[PDB]
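Every chain is numbered from 1 and lettered A, B, ... according to where its sequence line falls, protein lines coming before strand lines. No hydrogens, no waters, no symmetry mates; every other heavy atom, side chains included, goes into these values.
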Amino acid sequence: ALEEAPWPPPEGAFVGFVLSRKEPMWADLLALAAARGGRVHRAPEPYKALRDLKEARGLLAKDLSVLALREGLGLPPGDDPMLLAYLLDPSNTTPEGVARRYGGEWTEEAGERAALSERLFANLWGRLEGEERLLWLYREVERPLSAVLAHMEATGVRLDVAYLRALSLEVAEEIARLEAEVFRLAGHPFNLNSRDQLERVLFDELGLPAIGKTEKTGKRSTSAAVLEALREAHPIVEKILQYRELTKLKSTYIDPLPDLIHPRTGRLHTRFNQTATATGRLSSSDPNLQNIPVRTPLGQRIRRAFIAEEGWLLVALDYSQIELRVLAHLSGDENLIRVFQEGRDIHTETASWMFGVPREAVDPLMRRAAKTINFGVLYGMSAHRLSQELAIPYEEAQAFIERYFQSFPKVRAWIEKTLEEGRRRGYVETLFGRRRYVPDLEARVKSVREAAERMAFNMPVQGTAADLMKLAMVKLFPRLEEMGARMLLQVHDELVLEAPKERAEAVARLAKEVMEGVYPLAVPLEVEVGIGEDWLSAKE
DNA sequence: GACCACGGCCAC
DNA sequence: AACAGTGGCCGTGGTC
Ligand SMILES: O=c1[nH]c(=O)n([C@H]2C[C@H](O)[C@@H](COP(=O)(O)OP(=O)(O)OP(=O)(O)O)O2)cc1-c1cc2cc(F)ccc2o1
Ligand SMILES: [Mg+2]
């Protein structure tokens with residue numbers, strides 16, 4: 001409907017657009033349109049009509065702003081109805097769902113998408129009248145952030161391609177050595193990547209005992225948790241775990257990332273998805289740069305392929321024990337506050353208990369293990385499972401979990417307060433009022449209910465940490481531009497910046513402090529910073 | 001070619 | 001595998 005009016009559109013219209021593909025840095029702009037009033041404007045030529053707009057306002061605004069930066073046009077994103085819906089309910093994650101929940105249909109034509117962004121904005125902005133805290137998250141965090149992420153997306157990161165090509169051939173020859181040493185240990189060749197075939201070999205032809213089953217189809221599981229408990233029980237299980245790590249890293253990172261360098265930028269560009277998680281975290285895709293390996297030695301080799309441009313340095317900043325400090329603030333547990341008001345490290349302490357060694361002896365491989373253990377226990381891992389992780393008695397793990405929550409008694413009072421409040425209001429909230437609707441808290445099936453409970457009390461603390469990080473990013477981005485530095489990646493509690501060599505020390509010291517004082521809590525936020533030519537040695 | 005479900009596994 | 005939570009991508013095995 002509306003009324004075809006001649007392009008250009010008046011100021012502050014709502015833009016709709018169609019891309020050749022979902023990735024803004026790689027897409028052709030097929031159609032461009034705008035609407036304000038009862039008028040829909042359609043562009044004769046989309047790439048020239050981008051010159052006319054002063055701001056991107058509408059569904060998926062960040063995406064068009066990214067494509068604009070790719071053509072050297074500073075066109076910042078503004079209002080996006082997706083961002084309002086996502087603050088109303090974080091299950092509002094795609095425009096198909098949002099339009100089919102607030103009064104329209106998400107089609108494939110720019111004009112119709114423009115007019116939809118106009119009405120979708122009116123509706124949701126009305127639904128947020130009086131939700132002053134969500135209106136605060138919108139004006140102060142989420143809408144500014146979409147601009148920051150647009151500049152991150154369009155900048156990209158430099159990758160050592162020749163090095164990854166070379167690493168590919170090396171890993172390939174090693175995969176072949178393990179494959180053959182499994183085909184032999186099994187008396188024949190089969191597809192080692194087919195989990196079904198491997199099931200028959202491990203559990204039928206050989207004699208190994210099936211520890212567990214898969215969720216949907218009830219097959220015998222060949223997961224690492226299962227195979228780890230079948231080590232020494234046969235050497236072939238050890239080789240399969242080696243083969244699995246290598247083909248994972250090769251087919252997910254080593255091989256596809258080099259072929260994704262952009263021809264204009266010479267760099268690698270991810271997408272930061274702003275309305276994609278239930279807790280408020282960002283996500284990253286196409287490629288996901290938030291899960292580049294690091295823990296294993298081959299993984300470290302891959303993390304080193306992410307490097308600074310000629311004449312710059314990477315600066316890496318990572319909040320320490322972030323969800324535990326948030327937890328101390330949220331609960332008000334005094335003993336836990338006192339841990340951080342005294343610079344204690346709960347991952348290195350759990351690691352010394354867990355390995356026997358003195359605190360001065362825990363090395364990175366050990367601390368990493370205690371991180372997963374501590375966060376495992378915190379969010380409700382069963383005694384029985386912990387006893388299988390730590391290889392201890394069951395009543396020994398019950399005490400580890402009773403000692404853990406006894407040294408900080410006020411936490412369980414907060415878990416319970418959080419749950420009871422969620423049953424009454426239907427949602428739980430972070431420190432700034434970001435909310436997750438958790439309807440299954442009154443479920444009558446125990447398993448469905450207790451899962452709802454674990455998602456329910458995790459969200460306030462993980463979404464508070466993500467709120468801090470996002471706010472730090474909007475406070476830091478303007479200061480980095482003064483110094484001529486840039487933001488590259490965010491990995492949940494961590495930032496990577498690129499800075500000129502003769503300014504790196506300055507941007508590190510600065511960025512460290514903006515992050516630490518983003519929002520004073522009842523506990524000091526520490527940050528670790530490092531500088532290097534590559535992502536790995538930046539992280540000290 | 002394009003989707004999809006599933007088990008599996010990388011990061012935080 | 002499971003009474004830890006949050007993501008996204010892979011190959012396999014299908015269907016259309
Ligand atoms: O299993 C987990 N479950 C979970 O819920 N998280 C959340 C809570 C954290 O606060 C937050 C930030 O992760 P993080 O930065 O790595 O942890 P942290 O800030 O507490 O520690 P430090 O920076 O001081 O080393 O992710 C993290 C982990 C986890 C285990 C682990 C092992 C590694 F080898 C490397 C990274 C790891 O992540
Ligand atoms: Mg951290």
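Nearest-nucleotide positions on DNA chain C for A:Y394 and A:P287 put A:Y394 closer to the 5' end. Between A:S223 and A:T279, the residue anchored nearer the 5' end of DNA chain C, judged by the nucleotide with its closest heavy atom, is A:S223.
Under 4.0 angstrom from either OP1 or OP2 of C:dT6 there lies no side-chain N or O belonging to A:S283. OP1 or OP2 of C:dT12 lies within a sub-4.0 Å distance of a side-chain N or O belonging to A:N191. Within the structure, every side-chain polar atom (N or O) of A:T252 is placed at least 4.0 Å from both OP1 and OP2 of B:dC10.
A donor-acceptor contact under 3.5 Å is formed by the side chain of A:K248 with the base of B:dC9.
For A:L441 and C:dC3, the CG to P distance is 18 Å, given to the nearest whole Å. In this structure, A:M381 places its CE atom 12 Å from P of C:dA2, rounding to the nearest Å. For the pair A:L289 CG and C:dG8 P, the interatomic distance rounds to 13 Å; values are reported in whole Å.
Closest to the side chain of A:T277, out of C:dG7, B:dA11, C:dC9, is C:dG7.
Heavy-atom minimum distance, A:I292 versus A:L257: CD1-CD1, 4.3 Å.
When each of A:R435, A:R133, A:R434 is paired with A:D467, the salt bridge (charged side-chain N to carboxylate O under 4.0 Å, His left out) condition holds for A:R434 and for no other. Partner of A:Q274 under the side-chain hydrogen bond (donor to acceptor under 3.5 Å, both in side chains) criterion, chosen from A:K470, A:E142, A:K62: A:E142.
When the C1' atom is compared between C:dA4 and B:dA5, the two are found 25 Å apart, to the nearest whole Å. Between B:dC6 and C:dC3, the distance separating the two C1' atoms is 23 Å to the nearest Å. Spacing between C:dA1 and B:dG8 at atom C1', rounded to whole Å, works out to 13 Å.
Relative to the six-membered ring of A:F203, A:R220 misses at least one condition, a distance below 6.0 Å or an angle of at most 45° to the axis.
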